[PDB]
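So this first bit is one chain, no partners, the form deposited without the ligand, shown in structure tokens.
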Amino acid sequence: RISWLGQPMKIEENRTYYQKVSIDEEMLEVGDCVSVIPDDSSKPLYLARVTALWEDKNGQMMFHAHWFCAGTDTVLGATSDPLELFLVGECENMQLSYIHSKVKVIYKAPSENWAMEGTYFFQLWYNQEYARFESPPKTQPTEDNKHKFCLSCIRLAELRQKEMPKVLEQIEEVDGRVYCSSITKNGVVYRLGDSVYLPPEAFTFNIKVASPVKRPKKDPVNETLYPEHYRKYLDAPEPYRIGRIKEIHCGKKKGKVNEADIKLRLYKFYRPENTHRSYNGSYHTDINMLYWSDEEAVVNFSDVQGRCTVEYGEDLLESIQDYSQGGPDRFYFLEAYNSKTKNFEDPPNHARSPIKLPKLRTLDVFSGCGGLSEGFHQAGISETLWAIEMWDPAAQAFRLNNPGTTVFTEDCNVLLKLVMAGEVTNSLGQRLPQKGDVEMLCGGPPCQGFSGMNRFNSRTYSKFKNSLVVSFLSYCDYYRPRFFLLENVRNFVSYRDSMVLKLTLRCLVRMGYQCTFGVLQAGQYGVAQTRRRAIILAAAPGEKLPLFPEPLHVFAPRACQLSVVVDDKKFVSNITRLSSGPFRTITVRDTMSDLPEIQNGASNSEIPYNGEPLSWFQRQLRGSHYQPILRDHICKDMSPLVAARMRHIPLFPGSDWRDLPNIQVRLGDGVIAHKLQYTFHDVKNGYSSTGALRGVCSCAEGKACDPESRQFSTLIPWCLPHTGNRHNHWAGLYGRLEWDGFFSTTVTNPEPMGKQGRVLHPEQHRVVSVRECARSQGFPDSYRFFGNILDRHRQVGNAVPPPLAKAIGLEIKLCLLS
């Protein structure tokens, strides 16, 4: 029994809208919230806010339903509050007769005294694709639409407008094609003369590139000399193509422009490695130097990945260095390249041209030596005034690099209790930060004792409440910083069925924080290392929630699975550059080709560079102004035996322990290592080509371990064949880095037979040095470390690479504007 109330608000041709409707003699109004019963008795009750009421010519009495999302249908899942709802951009038109009931939905707004703190309700807008919880839109109804106003609809509408290709300015039609001077897509304006990013396969270069002369693959292998050789049964994409726009033309459909058919005709730009110089010719060139060319390419607008600035070197008002560091996607050229005569020349003339941010006061918990704080400092967004680092060498390291920061070498739990208690100072006179002092809180809480995937139970759930991850959040709750950053190892998101991640997102939401999570790969921000980190970003109610930085460098695909599965739902970050990118990858070579030769065990912490920077990367890390000191080019002093094994790993890419010869070697002691003996069969690995046995223990046949079989002082480590079968023949152990490759995750203590053992230098017979490890992270050469060599390695391997941290910093920098 459904009848309207009051006089109609507005009339259309097919619809008349109303402000009030009567359903079973009960007032319902635009703005009220409502429930609808699912056909599936097992799904949670449907809940919507009524955004509009209207009547059809055909007698249908309608309302527009803007749905809420229940907590358990977001990342939080079963951890979220039963009565909490979240806004989402999902709505549709439904007939009033489907409504089951009125509901009360309260907007729990953040209090005006929010910073000092610490019927369904809602507080945040949930983005289900990126797992972002964000402040609700501020958008208000205008008189014109006050009758149909739907937050969901406007968001979908605004999106459609941003996403779609639209031509802003037409010139003239020529031979069934309209030529344009300006177009737009996804919020970016592209004009004639602008440059564009394109997939590697958008177009081709006219230079001929001969497939290498190839090579035999060794000769036969003597298996008595190499009894373990038998166990040995560039993948990063190309960076973007770049082109200057020459013409822009699209077809016509039904006498109007067909915007799904916009085409751009471009001048190809050459990267140095695209000319014949290839890689051997560009080791030393700037990552953003290009070469002009008069080659033209036709491309679909749909393929344009973004806009970039490309300038002729001489027309610049600033210095090449200054221009380059001035903004993102800035390239330059100084010569043209004739693809036909392979020569470089001057550029044609038509190729030529025509509020200081306050720094956030920052507290860095579990600071380490300051890799994370260094990255923020570089972005210009923060000032770490307080750092907490319980382990003394690292704490001292932090002081060396941040003279201005109060470093508390102490347990974070007792420190927070001290401030909560109103104490102004710890026992050492150090002034504790107080409520209001801290604007940005960041840190990497060691999430120990949650690895692996067994369930969580009564006993495990509590230690989480008593873990350092909870301590970090307790900090967030007390200080209520404007921005919150939690860094960790990738598996933070998957620890204990993703329950650690879910409890930490639940916690940030309970406090009223906007928040999200994602995985990033340090390699993609200008470092030659695989290092995936989980990152939790949070922003106070009044702020913008940051985005994750777009990858800058192409990197090995296997190391860039940044996506996370939580209860079978796949979450991704806002990152859009899912394959290629602006800059070529940074190699082990870019990283440390300028460093003087040192020997196993070298201990002189100050030696001169005996020769200038060679890589773009080395120019960045050594600086533009003076320093003569190469600090920490020191390496661990290995056993005579371990040193000998190292002299014997061949220098070919992929070499490791299985390449070792079964020979007697004179050690540095002056001792001789005897030969490893094979006196057991391997039913799984068989006999060798020299008719030799391949087992070094009785368990290989397979029985049980033999009391005496074990062998000592042998070039081929006795144990590696012992258990080779169980561990893919221990590939990588005593393995050399490749000049063309990248570091495995940079470790706290580099050991050839350790967890991560690809730690031998590519040419010298030694493990990598403290400096090289600092370079594998993104540490400047001026960055200081402290303690013995093992202390310094630990500090370096633990840090967040400043280039990753900086990347995160610039995204926060965007949130201080807009």
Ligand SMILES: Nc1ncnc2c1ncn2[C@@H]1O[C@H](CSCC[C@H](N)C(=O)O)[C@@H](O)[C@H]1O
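Don't overthink the numbering: it's just position in the shown sequence, from 1.
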With respect to the deposited sequence, how many residues separating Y233 from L234 are not represented by coordinates: none, 1 to 3, 4 to 9, or 10 or more?
4 to 9
Gap between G118 and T119, counted in deposited residues with no coordinates, falls in the class 10 or more
Mean C-alpha temperature factor, higher of 497-505 and 461-469:
461-469
I need to verify one thing: averaged over C-alpha atoms only, is the B-factor higher for 253-261 or for 382-390?
253-261
Going by the CA temperature factor in the entry, name the top one among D781, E763, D32, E772.
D32
Sorting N402, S615, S353, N600 by Cα temperature factor from the record, which one lands on top?
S353
In terms of its chain's C-alpha B-factors, the third that includes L76 is the middle
Pull the Cα B-factor of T425 out of the PDB entry and bin it into the chain's lowest, middle or highest third.
middle
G187: C-alpha B-factor third of its chain, per the entry, is the lowest
For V759, does the deposited CA B-factor place it in the lowest, middle or highest third of the chain?
lowest
What third of the chain does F344 rank in for C-alpha temperature factor, lowest, middle or highest?
highest
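The discussion below concerns the form solved in complex with the ligand, not included here.
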is_contact(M511, the ligand) in the bound PDB entry, heavy atom dist at most 4.5 Å:
no
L418: touches the ligand in the bound PDB entry, heavy atom cutoff 4.5 angstroms
no
Does the ligand come within 4.5 Å of any heavy atom of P557 in the bound PDB entry?
no
Any non-hydrogen atom of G368 within 4.5 angstroms of the ligand in the bound PDB entry:
yes
Only one of 386-394, 319-327, 91-99, 614-622 has heavy atoms within 4.5 Å of the ligand in the bound PDB entry; I'd like to know which.
386-394
Only one of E410, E701, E543, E247 gets a heavy atom within 4.5 Å of the ligand in the bound PDB entry. Which one?
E410
Scan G526, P227, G444, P549 and let me know which has any heavy atom within 4.5 Å of the ligand in the bound PDB entry.
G444
In the bound PDB entry, does each residue in the set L363, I381 and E811 place a non-hydrogen atom within 4.5 angstroms of the ligand?
no
Just to make sure I understand: among 177-199, which residues lie within 4.5 Å of the ligand in the bound PDB entry, judging by heavy atoms?
none
